[PDB]
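>>> Experimental coordinates follow, after the sequence.
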Amino acid sequence: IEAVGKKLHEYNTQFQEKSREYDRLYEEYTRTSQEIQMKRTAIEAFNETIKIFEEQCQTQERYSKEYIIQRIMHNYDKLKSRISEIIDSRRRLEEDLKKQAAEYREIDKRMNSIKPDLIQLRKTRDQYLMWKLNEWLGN
Amino acid sequence: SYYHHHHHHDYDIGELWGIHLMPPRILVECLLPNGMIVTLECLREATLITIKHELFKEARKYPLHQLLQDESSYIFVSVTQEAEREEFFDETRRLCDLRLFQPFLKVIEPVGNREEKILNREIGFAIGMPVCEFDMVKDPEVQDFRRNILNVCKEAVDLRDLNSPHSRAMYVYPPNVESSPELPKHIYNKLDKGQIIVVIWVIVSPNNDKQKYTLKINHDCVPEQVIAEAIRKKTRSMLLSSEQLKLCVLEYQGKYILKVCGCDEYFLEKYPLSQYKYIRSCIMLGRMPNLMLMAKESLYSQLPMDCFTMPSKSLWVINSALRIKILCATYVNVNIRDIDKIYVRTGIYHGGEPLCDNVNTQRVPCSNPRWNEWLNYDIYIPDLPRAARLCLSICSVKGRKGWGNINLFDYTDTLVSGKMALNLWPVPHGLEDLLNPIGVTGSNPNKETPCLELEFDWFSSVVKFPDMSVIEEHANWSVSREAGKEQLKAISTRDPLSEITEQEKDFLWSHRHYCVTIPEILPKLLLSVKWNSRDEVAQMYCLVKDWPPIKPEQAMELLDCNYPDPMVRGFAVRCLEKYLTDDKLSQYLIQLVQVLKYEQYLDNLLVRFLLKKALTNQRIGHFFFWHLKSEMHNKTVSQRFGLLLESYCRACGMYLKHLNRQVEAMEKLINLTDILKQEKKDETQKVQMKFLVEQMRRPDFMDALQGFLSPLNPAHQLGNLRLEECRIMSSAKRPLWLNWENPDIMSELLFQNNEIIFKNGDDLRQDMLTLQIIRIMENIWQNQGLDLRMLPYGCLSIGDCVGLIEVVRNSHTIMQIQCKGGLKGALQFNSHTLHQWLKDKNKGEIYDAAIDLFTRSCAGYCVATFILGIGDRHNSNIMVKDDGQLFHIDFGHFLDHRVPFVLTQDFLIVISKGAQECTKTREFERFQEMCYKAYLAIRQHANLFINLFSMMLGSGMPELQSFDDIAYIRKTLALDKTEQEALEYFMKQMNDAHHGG
């Protein structure tokens, strides 16, 4: 070794400290995407469900009103009280979602920032290749 | 598969959103038409007919009940977690089985009064997507496809009814046959009485009794001849004159047909007996075939169905150089450091690159990105080939120093013009190196992420042009401006990724007309065209029109990403229609499915080919369904495949019902294995198995997992679960070892108790491909007469990283063999009892045959494994059967990143015990010969494997992106070298790894 010595080897194990951090940052990235789409189809599920519970308390309108013992009662009191728990369930889902988006965009950011750096340290190894034969690779 | 590749030596001649598993008791909110919500406490395994009867028992408590109708006048409906509303007609259905989201049911009367029309939209279930998410796509291509495809469906259904009973029987139960009638001469000699002994059975129940009748008959003796000779035997009597006999073995010859005992095969087609795969396997394996006489009545009785319904200006004559307006992407992700930027790189593409493509002015490296540019690409408009594509991406590197694609033409032939919004795909995984045309990305709005807005040139109503105008490019070749050995059909014999010189492209194009004589050069010729000249291309279209046909092996190359042209592909498809047989079709069915990804438009020639066979040959239908369903989670292909699946399901017939059993069954498995893998069920084997068995005992499981067919081979019925024999193979992601009684009339009787691993974890796809390639090699070998014996066990991917693997009985890893027997501190490799292990099992003249098997198989793998550069083999990759045979499992990691199977001393000893080394024994000499013949044989058929791999580029598989990955296999098989040249190379690699040539 003459000019820049075996200093190009400490550059290689360090190279993996990000080459693998890519892989690990990527699966986190890939995972989180489905995670989101799960949440997103969940909300439509919520929607049509919410949508259904109105169609019910509005059935016992002109159908229950056609009399007004009288205590055909506590049913309606709670049919509202459940709707509350659903709208707030969906509400909770919603905020969990855009956080995961803000997360998704973050995971995207740091990946579209390593990539070029990871690639700029790729060929510095490959160019200076000529600098038993083969021994430097192992460790 | 039939036996367990076991030779007989010297025989001679329940859910809810968020929750995995609903409590054994939940409260379900029932909702009635009177407005009153009741809350019923249901057992999770209860039928809807039981919950309904309850609801209407509880109704008389709840006022306004005077408004409630007859029980048998209503239907339950709810929101499923696929976010849909579903009328629950099949009230047999268990609570836990109706995918459910929130624990509620809502009563209503059967609206849509076509009960039977909505039933059938089951299908979404088999598809894994509601058949109504289609009933809503704007894209007319889609709506057209669904409509225009049913021709094939109508065609197929006809081609089955035409011939009334037999035809169906033959649709279902296709004959399972090798595609050569000629029988290898190393098989013929295991025969060498010239012929074979079979045992044909007759059941005479309710006397239960089964009677054998052993015949020693011709190997090529068709099944009708076998039924005859069998009825001769049974009926021969001291009371029948031979004349009287002959008119009986007649007046009931053909009331019967043949059936493999124990599974569901049926020889129903005039073929040499030995051309059926069952018989040929019985030979190789040293087994006496057992077949059954089945009354046609009792076959033809089994088969119902026959049900099918279906409830639904100018030209290239333009004088301007193509421009495309790039507006604005609305989203990105990063915020500046130094030499970082953003710009929309654009290209015009036909497979790979016409025209010097264009990166548009780099402006604002972050803040809301406008470009408002026009992009002049340096080709004419009339020069654009049908299927030319806009390729774009955004990514940047280091400007100073240190993604989406679009069909330029509609499926309509119309040139694309005006406003377009293009949601972009997240960049792949081993990609920024490019701009990415390979991308399925062809025709591709996504969902809500980065979105480019576009503007295409506009000049009054534009389309492509009937082959009328096209053919009329005779004009060009009648241009003779004569002011200016042929030994080059060597380069037909040249692997597809050989990469050819511009100098050669010119040459081939020059002598283009002198290839309609050497037709197999077509691929190379097609590569030679400058595709950005409407002139060369239109001439091409015309050669192609009446080009001579080509072998499906070669004719497949024209279906990969490199040949994206309706005219090229049509010929290709017409080669496959011409002579690619149901046998070899299901060998290459994976690739043929994958290729569909680069097919530009939904409606097209290849799909219609495939769909039709799949609808004709139920054995193909099965894997066609499964290979497509497997990838429905992948949104780049979902819509295409979903749509393909719907047509298929709507026409396959009774089979649909079978497939759902299959699908319900796999749903249960995927949910169970999940619990164990996740839901903090990282407790202990003992606890887990507790759970495993409690769960499979519940009647929902019992029902789902018992009367179905093996997705690995539907001939194999799967009856009742052995249960005692079921275990979490734990020792991984938690794979399940499952055990089913084989409900066959001659079940244990005559051949098996059925076994299979379900694994929820690994991506099975690569394994799947490599097992496929092993089979293919094994086929090259057997035909060429050069007998080596691989064991490509079953392996089916059924969804995202989920699948079934075939169990092979009486087989062990070398490690197992090593632990079974021995004390000491050293290993000894049980070099003894891995040979002594083989001396036992195989005592006697059996031994020689077992050493042979080992030797064969060992050599087989040794090559296959080097060629494909797989895993890297140790003692828990390598498996031996009592039988003698060696075989590799868990290949895993594909095409390398050299010499994965290093022959340890253990294996050398097995090639009969030699003292100080066994590097030079005549047993080992014999062996080396085989390898050199094996490698040299696969060498001879290299282009095939290049293709197979190449056709397989459209698939996630991190192991296969680029053609340069297939390069490895190009190296390993010898790059430029001669046969006798490369033979040397292989040896150099044998010696380098072994330390002893």
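Arrived safely, thanks for sending. Residues are numbered from 1 along each chain as shown, chains lettered A, B, ... in the order given.
>>> Which helix or strand contains the residue most central in space within chain A?
Among the residues of chain A, the one closest to the centroid is residue A:32, at 2.5 Å (C-alpha atoms, centre = their mean). Taking DSSP states H and E as the criterion, residue A:32 maps to helix A:7-57.
>>> Which secondary structure elements does that helix sit against?
Using 3 or more C-beta pairs under 8 Å, 6 or more residues apart in numbering or on different chains; DSSP states H and E, the elements in contact with helix A:7-57 are helix A:74-120, helix A:123-127, strand B:25-31, strand B:75-80, strand B:84-88, strand B:104-108. C-beta: built from backbone N, CA, C; applies to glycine.
>>> Show the residue spans covered by the helices in the stretch 651-800 of chain B.
B:655-677, B:685-695, B:699-704, B:765-783 (DSSP state H, counting those that start in this stretch).
>>> Let me have these in a markdown table, adding distance to chain A as columns.
Formatted as a markdown table, the helices of the stretch 651-800 of chain B follow (distance: least, C-beta to the nearest C-beta, whole Å):
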| stretch | distance to chain A |
| --- | --- |
| helix B:655-677 | 14 |
| helix B:685-695 | 24 |
| helix B:699-704 | 22 |
| helix B:765-783 | 16 |
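>>> so which of these comes closest to residue B:48?
Distance to residue B:48, taken as C-beta to C-beta, is lowest for helix B:699-704 among the helices of the stretch 651-800 of chain B, at 13.1 Å.
>>> How about the secondary structure of the closest residue to chain B within chain A?
The minimum distance from chain A to chain B, using C-beta to the nearest C-beta, falls at residue A:60 (2.1 Å). Taking DSSP: H, G, I helix; E, B strand; the rest coil as the rule, one finds residue A:60 in the coil state.
>>> quick one, what contacts the residue lying closest to it once chain neighbours are set aside?
Using C-beta to C-beta, 6 or more residues apart in numbering or on different chains and skipping residues adjacent in sequence, the residue nearest residue A:60 is residue B:35, 2.1 Å away. When contacts are counted by C-beta atoms under 8 Å, 6 or more residues apart in numbering or on different chains, residue B:35 touches A:56, A:57, A:58, A:59, A:60, A:61, A:63, A:64, A:75, A:76, B:64.
>>> of all those, which comes closest to residue B:261?
residue A:56 (58.7 Å).
>>> from what I can see the closest one touches residue B:106, true?
Yes. With contact defined as C-beta atoms under 8 Å, residue A:56 reaches residue B:106; the gap is 7.4 Å.
>>> if we can go back for a sec, for the helix holding residue A:32, the distance to its chain's centre please.
Here the centre of helix A:7-57 is set off from its chain's centre by 3 Å, with C-alpha atoms, centre = their mean, to the nearest Å.
>>> Stretch B:346-354 too?
Distance of stretch B:346-354 from its chain centroid, counting by C-alpha atoms, centre = their mean, is 30 Å.
>>> buried ones in it?
With burial defined by 16 or more other C-beta atoms under 10 Å in any protein chain shown, the residues of stretch B:346-354 counted as buried are B:346, B:347, B:348, B:349, B:350, B:351, B:354.
>>> List the contacts of the residue nearest to the centre of chain A.
Taking C-beta under 8 Å, 6+ apart, we find residue A:32 in contact with A:100, A:103, A:104, A:107.
>>> Which PyMOL command selects the buried ones in the residues you listed?
Per 16+ other C-beta under 10 Å, the buried members of these correspond to this PyMOL selection:
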select buried, chain A and resi 100+104+107
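>>> next one: phi and psi at the residue nearest to residue A:60?
Dihedral pair for residue B:35: phi 90, psi -20, per degrees, to the nearest 10.
>>> out of residue A:56 and residue B:106, which sits in the more crowded spot?
residue B:106 (23 against 20; other C-beta atoms under 10 Å in any protein chain shown).
>>> Quick check: the residue of chain A closest to chain B touching residue A:77?
No. Look at residue A:60 against residue A:77 with C-beta under 8 Å: they stay out of range, at 11.9 Å.
>>> Between those two, point out the one with more neighbours.
Remark: of residue A:60 and residue A:77, residue A:60 carries more neighbours, 21 against 8, as counted by other C-beta under 10 Å.
>>> gap between that one and residue B:29?
Noted for residue A:60: a distance of 15 Å to residue B:29, by C-beta to C-beta, to the nearest Å.
>>> Also residue B:508?
73 Å.
>>> if you count what's nearby, which of those two comes out ahead?
Using other C-beta under 10 Å, the more surrounded residue of residue B:508 and residue B:29 is residue B:508, with 21 against 18.
>>> how about that one, what does it touch?
Neighbours of residue B:508 in contact, by C-beta under 8 Å, 6+ apart: B:488, B:515, B:521, B:524, B:525, B:528.
>>> Which residue comes closest to the first one once chain neighbours are left out?
Once its chain neighbours are removed from consideration, residue B:488 has its nearest residue in residue B:507; the separation is 6.7 Å (C-beta to C-beta, 6+ apart).
>>> quick one on the thing from earlier: which one of the contacts of residue B:35 sits closest to residue B:314?
Proximity of the contacts of residue B:35 to residue B:314 (C-beta to C-beta) peaks at residue A:58, which lies at 55.9 Å.
>>> separation between that closest one and residue A:48?
16 Å.
>>> what is residue B:421 paired to in the beta sheet?
residue B:453 (DSSP bridges).
>>> Tally up the residues packed near it, please.
11.
>>> for residue B:535, same thing?
Neighbour count for residue B:535, taken as other C-beta under 10 Å: 16.
>>> before we move on, what SS does it have?
With three-state DSSP as the criterion, residue B:535 reads helix.
>>> so which helix or strand takes in residue B:257?
Taking DSSP H and E as the criterion, residue B:257 maps to strand B:256-260.
>>> which strands and helices sit next to that strand?
By 3+ C-beta pairs under 8 Å, 6+ apart, strand B:256-260 packs against helix B:223-235, strand B:266-267, strand B:290-295, helix B:296-300.
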